[PDB]
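Using the deposited numbering, the letters of the sequence shown map in sequence onto residues 29 to 130, 133 to 268, 274 to 409, 413 to 483. Ideal placement from N, C-alpha and C gives every residue a C-beta, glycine not left out. First comes the structure, then the notes that go with it.
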Amino acid sequence: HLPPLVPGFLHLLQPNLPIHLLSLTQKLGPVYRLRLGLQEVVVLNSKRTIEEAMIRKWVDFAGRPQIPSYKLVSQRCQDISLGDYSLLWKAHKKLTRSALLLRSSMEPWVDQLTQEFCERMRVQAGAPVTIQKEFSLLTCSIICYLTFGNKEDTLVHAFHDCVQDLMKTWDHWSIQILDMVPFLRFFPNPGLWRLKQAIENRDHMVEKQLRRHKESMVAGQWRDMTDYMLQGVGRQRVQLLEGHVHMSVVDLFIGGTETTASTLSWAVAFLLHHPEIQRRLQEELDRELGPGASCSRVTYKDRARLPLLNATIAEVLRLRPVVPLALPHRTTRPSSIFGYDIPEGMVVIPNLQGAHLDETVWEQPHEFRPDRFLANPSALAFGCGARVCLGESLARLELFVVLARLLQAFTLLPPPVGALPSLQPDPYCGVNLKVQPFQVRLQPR
Ligand code: HEM
Ligand SMILES: CC(=O)[C@@]1(O)CC[C@H]2[C@@H]3CCC4=CC(=O)CC[C@]4(C)[C@H]3CC[C@@]21C
Ligand SMILES: CC(=O)[C@@]1(O)CC[C@H]2[C@@H]3CCC4=CC(=O)CC[C@]4(C)[C@H]3CC[C@@]21C
């Protein structure tokens, strides 16, 4: 009783890994044991199994393996994501998550921060690279209501830059091999140096800030979330050590920026190929709950007042989920992940991307199809896990507020004498990437 084994030794190499983990499915089925690295890792490729070992069992495949690459960022140690399970992490998640849920509703700021962006782009009328503009749109936003609420392009462009440079340094064979070949002796490798050096800015920018927060403190929450966490820790009613706050900020402070940006960028790349969905959206937008051209409705309760949107976003998050294989889960108790018994400690890899192409539940999976509301099944882009996501709300929101006014203000047009991007890069890393388009950005309603 155990999942099958694929006869390979470095499946990790090879393009479009998510589409490959799917290919093996033709014979094996949803669950198969595979060697992504040098160790046999059990994958899952179906909305059913990837949900059974995530929601049903819950207790079992909830932890995360500590590989020699995670404890590299441990510092004092502990935190969201990388950190393993343990009762501390549980209470650690609940604290840094309630912050994102917050007398200071983050709803308004988001809808405003994006407006400034529209104008900033509206003055361009040229061919700005969307990736940075939006890749900086969210940064200008998570930075306002999470750490000292600076928002200033002086402290934002500094934190935003720390994000991108903190990614290509963690997701590079140079630093990855260290995990596959631990016995390596860690002969000096160039990548490790570039990481340790860039990982400091991430530790420093939070240390120099967390202090200002410490002193400028009052009875409740300061402008930002830091004041909440940095306070909701030194008052625990009985671990949750002070250091935890330093890390909790990181995921959101410098983690919020990349993931959501990619989703937004991907969506734009799709509308470029489908003008149909673009204008059908422009009409369904104002002729649905926005008879005007601005500052009218466009929110939460209304959120239903916009069908094509709640749909378009659902597709983009299903065809190109920003995080595809999500993160590696580890088993704590021997349990069955379906079909076959699974040994404890076994690293589980929930193939989200693949489960989204299950043609047994989603029709014409490969085809951008906005339509689904009526209704079509749900697609897990944020996982469904005791780890689920810690900011699924913030994310889901930005994709609504940003896209909404993105269409209304501008046309969304292709670069001059250029080809539209798409299809997905082979250098798939922690978060799924995108090619570099140059969308035009104009409209005169
Ligand atoms: C809509 C864009 C996003 C997508 C598709 C996405 C997807 C995911 C996925 C698949 C995971 C791993 C789930 C697991 O395997 O257990 C994850 C984890 C996480 N995400 Fe996101 N995410 C998005 C946006 C965000 C944003 C904007 C934030 C910042 C508030 C965020 C913060 C996190 C954190 C902190 C974790 C780690 C949770 C843990 O402790 O396990 N995500 N996300
Ligand atoms: C148990 C082990 O030997 C490891 O922890 C050491 C190397 C780990 C790779 C690292 C790269 C990677 C990136 C992803 O996004 C999905 C998960 C994998 C494939 C992950 C699987 C578990 C591996 C193989
Ligand atoms: C998009 C997502 O899923 C996340 O935002 C949720 C967890 C985030 C980890 C958090 C830990 C970390 C520490 C660093 O110093 C470098 C950046 C990472 C690897 C960072 C990458 C983006 C991730 C994976």
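Below 8 Å, can you find three or more Cβ-Cβ pairs linking the stretch 303-316 to the stretch 454-473? These segments touch.
Counting C-beta neighbours from all protein chains within 10 Å, is the total for residue 183 16 or more, i.e. buried, or is it exposed? Residue 183 is exposed by the Cβ-count criterion.
Following the continuous alpha helix (DSSP H) through residue 72, name the residue where it begins and the one where it ends. Taken as a continuous stretch (DSSP letters only), residue 72 belongs to no alpha helix (DSSP H), being part of the beta strand (DSSP E) at 69-72.
Going by the beta-carbon positions, is the gap between residue 63 and residue 89 smaller than 8 Å? For residue 63 and residue 89, no; Cβs fall outside 8 Å.
Among 30, 471, 472, 445, which residue has its Cα nearest to the Cα of residue 147? Of the listed residues, the one whose Cα sits closest to residue 147 is 445.
Just the C-alpha distance for residue 295 and residue 433, rounded to the nearest angstrom, thanks. Roughly 6 Å between the two C-alpha positions.
For a quick check, are the C-beta atoms of residue 285 and residue 277 less than 8 Å apart? No. Outside cutoff.
Using CA atoms only, rank isn't needed, just tell me which of 468, 371, 281 is closest to residue 358. That would be 468, whose Cα lies nearest to the Cα of residue 358.
So for residue 335, helix, strand or coil by DSSP? Coil, per DSSP.
Can you tell me which of 453, 391, 376, 347 puts its alpha carbon nearest to the alpha carbon of residue 407? Ranking the options by Cα distance to residue 407, first place goes to 347.
Can you list, in chain order, the residues of its chain with a C-beta nearer than 6 Å to that of residue 219? Leave out the 5 residues immediately preceding and following it. Excluding sequence neighbours, residue 219 sits near 204.
heavy atom of ligand 3 below 7 Å from residue 290 C-beta: Yes - ligand 3 has a heavy atom lying nearer than 7 Å to the Cβ of residue 290.
Return yes when the C-beta of residue 108 is under 7 Å from any heavy atom of ligand 1, and no when it is not. In this structure, residue 108 has its beta carbon less than 7 Å from a heavy atom of ligand 1.
Are the beta-carbon atoms belonging to residue 161 and residue 300 less than 8 Å from one another? Result yes, Cβ atoms of residue 161 and residue 300 sit closer than 8 Å.
For the structure I just gave you, are there three or more beta carbon pairs, one from the stretch 336-346 and one from the stretch 393-402, closer than 8 Å? As far as the Cβ criterion goes, the stretch 336-346 does not touch the stretch 393-402, which means the pair count is below three.
Which residues share a DSSP beta bridge with residue 384? DSSP, once it has assigned bridges, lists 71 as partnering residue 384.
Please report the straight-line C-alpha distance between residue 471 and residue 249, rounded to a whole angstrom. Rounded to the nearest whole angstrom, the C-alpha separation of residue 471 and residue 249 is 42 Å.
Label residue 217 either buried or exposed according to how many other C-beta atoms from any shown protein chain fall within 10 Å of its C-beta, with 16 as the threshold for buried. Exposed is the call here.
Grouping DSSP H, G and I as helix and E and B as strand, with all else coil, what is residue 173? The three-state secondary structure of residue 173, taken from DSSP, is coil.
Out of curiosity, what's the CA-to-CA distance linking residue 297 and residue 479? Using only the alpha carbons, I get a separation of about 18 Å.
What are the partner residues of residue 59, as DSSP defines its beta bridges? Looking at the DSSP assignment, residue 59 forms a beta bridge with 72.
Closest by CA to residue 235, which one among 355, 383, 191? Minimum Cα-Cα distance from residue 235 among the listed residues 355, 383, 191 corresponds to 191.
Could you check whether the stretch 67-86 touches the stretch 368-382, counting it as contact only if at least three pairs of C-beta atoms, one from each stretch, sit closer than 8 Å? Enough Cβ pairs lie closer than 8 Å, so yes.
Could you give the distance in angstroms between the alpha-carbon of residue 267 and the alpha-carbon of residue 354? Going by the C-alpha atoms only, they are around 44 Å apart.
Once you ignore the five residues that flank residue 193 on each side, which residues in its own chain have a CB closer than 6 Å to its CB? Its chain contains 289, 292, 293 as the residues whose beta carbon lies nearer than 6 Å to that of residue 193, once the 5 sequence neighbours on both sides are disregarded; these appear in chain order.
Distance between beta carbons of residue 68 and residue 61, contact taken as under 8 Å: Their Cβ separation, rounded to whole angstroms, is 5 Å, which keeps residue 61 and residue 68 in contact under 8 Å.
Top-ranked residue by Cα proximity to residue 57, from 401, 128, 373, 429: Residue 373 holds the alpha-carbon nearest to the alpha-carbon of residue 57 among 401, 128, 373, 429.
Residue 230 to residue 360, Cα distance in whole Å? Taking C-alpha positions only, residue 230 is separated from residue 360 by approximately 27 Å.
Which one of 333, 74, 167 has the shortest CA to CA distance from residue 51? In terms of CA proximity to residue 51, 74 leads the group 333, 74, 167.
Proximal residues to residue 48 (C-beta, below 8 Å), its chain only, five neighbours per side dropped: Taken in chain order, the residues that qualify are 39, 42.
Of the residues 152, 211, 139, 365, which one's Cα is nearest the Cα of residue 169? Ranking 152, 211, 139, 365 by Cα distance to residue 169 puts 139 first.
Pick from 351, 167, 265: whose alpha carbon is nearest that of residue 405? If you compare the alpha carbons of 351, 167, 265 with that of residue 405, the shortest gap goes to 351.
Which residues have a Cβ closer than 7 Å to any heavy atom of ligand 2, listed in chain order? Taken from the N-terminal end onward, the list reads 40, 64, 65, 66, 67, 69, 93, 95, 206, 209, 210, 360, 363, 382, 384, 468.
At the level of alpha carbons, what is the spacing between residue 35 and residue 66? Roughly 12 Å between the two C-alpha positions.
Can you tell me whether DSSP reads residue 377 as helix, strand or coil? In the three-state reduction of the DSSP assignment, residue 377 falls in the strand class, which pools E and B.
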